[PDB]
């Protein structure tokens, strides 16, 4: 089909997603893998994973836009702390781009945001999820204090995900920060390149922790290898769950297997997101609108490297059957600050709309 702007696409129903991507980029992402991008990518996961095979449909409808349609329910569960900003940022698009369901809006916005992170894959994007659902029940969202057994069970109950798929989805912690885990600091990144969809998080979680970016007693947190921060350049945070996954026998070799394996990580993440994005639906009932997902920013192609102040002697390895790769170390004797902003500064405020969440 030919869309009103002249774009030739796969199916006419995909046309509306073109001005929606443009509006999302101009209004809240500005083609950056920044704060607003980060928040929407986390929303795609919290929207989608609130579903349970064992409890039945009444517990949640999966990737169904329930966070936007019932903005006062799920966003207020304690495990969803901080999700309110992303919901309030997307509700104005749901109202304006009113031929696209809330559910499709959430998934597509996540795809658009990810395309702004260098190295990310171009997600599949299927369309057609209905615009009506129910609010999910509490307890469906994994939490960073949870054990690996609990986490793996939640993902298996939610949609059959294997441990490989679970760690695959956690490549999203390559472009991720924490505002709520420690209330004294904001925007504590999970790797040293939170604007770049690279394998650094897999490497860095395997380094011995030496301190905390804020306080030392937060639930769900463990010591960080790069805790130094200054001004708004908050030090690296480590989640207990990421640490646990990197060392548990079920997932340790999978975790290590992504270190310095960019294309493998990105392809694996795309495969797992293809499953996540259609939870609560039959994929044979959704139309393929992948050609309207923006093409992602390419990686530079550089190998993973130890950040300065760290090196191979700091590794805490847990996979007996796979050799840890030979990596170089960035020069310098002390840690570099992790930039608060994509262009290197500390001043880059994200557009935020007020809203009901």
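Residue numbers count along the first chain shown, from 1.
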| query | finding |
| --- | --- |
| Selected stretch [higher average CA B-factor]: 319 to 327 or 23 to 31 | 319 to 327 |
| Segment of higher mean CA temperature factor, 12 to 20 or 338 to 346 | 338 to 346 |
| Member of 282, 172, 241, 224 with the greatest C-alpha B factor (per the PDB record) | 282 |
| Selection by C-alpha B-factor (highest) of 256, 78, 217, 107 | 217 |
| CA B-factor placement of residue 159, once the chain's modelled residues are sorted into thirds | highest |
| Third of chain Cα B-factors occupied by residue 268 | highest |
| Third of the chain, ranked by Cα B-factor, where residue 145 sits | highest |
| Third of the chain, ranked by Cα B-factor, where residue 94 sits | middle |
| Ranked C-alpha temperature factor of residue 122 among modelled chain residues, by third | lowest |
